[PDB]
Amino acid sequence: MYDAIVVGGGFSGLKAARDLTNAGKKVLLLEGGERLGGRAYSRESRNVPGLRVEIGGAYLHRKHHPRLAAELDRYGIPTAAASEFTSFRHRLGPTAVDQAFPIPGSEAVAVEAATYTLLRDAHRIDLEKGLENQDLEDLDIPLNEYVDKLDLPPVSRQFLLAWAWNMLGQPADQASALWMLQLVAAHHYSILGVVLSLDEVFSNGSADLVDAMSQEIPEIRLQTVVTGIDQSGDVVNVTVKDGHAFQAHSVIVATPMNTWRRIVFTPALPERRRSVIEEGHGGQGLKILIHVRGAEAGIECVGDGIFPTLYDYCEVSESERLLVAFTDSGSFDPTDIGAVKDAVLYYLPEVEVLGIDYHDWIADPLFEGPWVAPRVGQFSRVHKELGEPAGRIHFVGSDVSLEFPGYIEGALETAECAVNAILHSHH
């Protein structure tokens, strides 16, 4: 039997397993898939042989992501500046300026005011308390409604909404304003930081870090899907799909929130958590890598398109590139290449689409979603609780971070808390 079983080998599970191991605990890591890294997933391009791409998480900022920065330094993992944007092709209307910050002077005063309002509202959020524990309900309303209250002129309005669509992976009428503001808060109470934290990337892919961490974890089982976690007895029994059971004093659930509903917990999880876990979060983010010809280097596009954003990803040749688009899978069907062409051409009418590459995270039974974003009304009811222990079962992951949810950094942060919890546990 083990001191701890860690379920899921994303960055959260990987950190927990590693750190517990180095603390002298006897750990088993169970991973359901054929690979480690989870929603961090570097692989060969489907479109361009020999070219390595990120199909999930990719971007970081040392200043905002200190835990991640520490991991990089720890293993000597090379990073690079994200591609500088030098050509701006927005669709924000005729008054927009083609720069990274496209707001014209005529809108300045409006933006000044909105900046105050947004930051004032964001400053209502204490990152330690949970979004359900702070009388924040008035903010937990559809983003479009909140933004309507800001009364923004057209450039700023559409610029805000575009990036919010990108960042939350939800259309404006499904996103929670409270959550937008959570993201602002996470970035040291900065709206600009939400986009400025797309700062650096893994020179050799996220798998570089994944592999470094896993080398420190002595016992890992791949292709092992946990189906039950039972703490009715003295020792936790973890049952597995086509497998013998495993047993441990403590269990760390480091699988995506939207998958928890597939595990049988005994006894049942605390009742306040149940409804949200059943429903899942509302995240529908969709990251599409687009192989193109005829695009100059360094393009950024933001506007009112079905792709709110479309921007440079990498040089393929002197004529070819990858761009990246963000949209959401409720709004957009990436199997419709005609739709992709239209979406691209809206911004870049000279460019030819050669192919696309993405992973349907929401259809993947090991995930059932991309990165976290709550449905309106969810997280002002229950949030901190989702990430709190139920007896000997801890719950970690980017999904449940109070501090940096939806980022690699949140994965690391949550793991830390669980590790500490366990090391300081009396049982």
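Throughout, we count residues from 1 along the sequence that is shown. The term rigid core refers to the maximal set of C-alpha atoms that superpose within 1.5 Å between the two forms.
Novice: What stretch shows more C-alpha movement in 8 other deposited structures of this protein relative to this form, 116-124 or 76-84, after the core is superposed?
Specialist: Output: 76-84, the stretch lying farther off on average in 8 other deposited structures of this protein.
Novice: Output the stretch, either 241-249 or 182-190, that has more C-alpha displacement from this form in 8 other deposited structures of this protein following superposition by the rigid core.
Specialist: Higher root mean square deviation of C-alphas in 8 other deposited structures of this protein is shown by 241-249.
Novice: Take the C-alpha B-factors listed in the entry for 204-212 and for 162-170, compute each mean, and give the stretch with the larger one.
Specialist: Looking at the record's C-alpha B-factors, the answer is 204-212.
Novice: So which stretch wins on mean C-alpha B-factor, 342-350 or 146-154?
Specialist: Between 342-350 and 146-154, it is 146-154.
Novice: Which has the highest CA B-factor per the PDB entry: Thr266, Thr255, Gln247, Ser197?
Specialist: Out of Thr266, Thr255, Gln247, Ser197, the record gives the largest C-alpha B-factor to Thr266.
Novice: Return the residue from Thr79, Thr309, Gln284, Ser190 that has the highest Cα B-factor in the entry.
Specialist: Largest recorded C-alpha B-factor: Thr79.
Novice: Going by the CA temperature factor in the PDB record, which third of the chain does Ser176 belong to: lowest, middle or highest?
Specialist: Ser176: CA B-factor falls in the lowest third of its chain.
Novice: By its CA B factor, does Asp399 count among the lowest, middle or highest third of the modelled residues in the chain?
Specialist: Lowest third.
Novice: Sorting the chain's modelled residues by C-alpha B-factor, tell me whether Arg274 ends up in the lowest, middle or highest third.
Specialist: Highest third.
Novice: Split the chain's modelled residues into thirds by Cα B-factor; is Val324 in the lowest, middle or highest one?
Specialist: CA B-factor rank for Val324: lowest third.
Novice: Among the chain's modelled residues, which third holds the C-alpha B-factor of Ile408?
Specialist: For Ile408, the deposited C-alpha B-factor lands in the lowest third.
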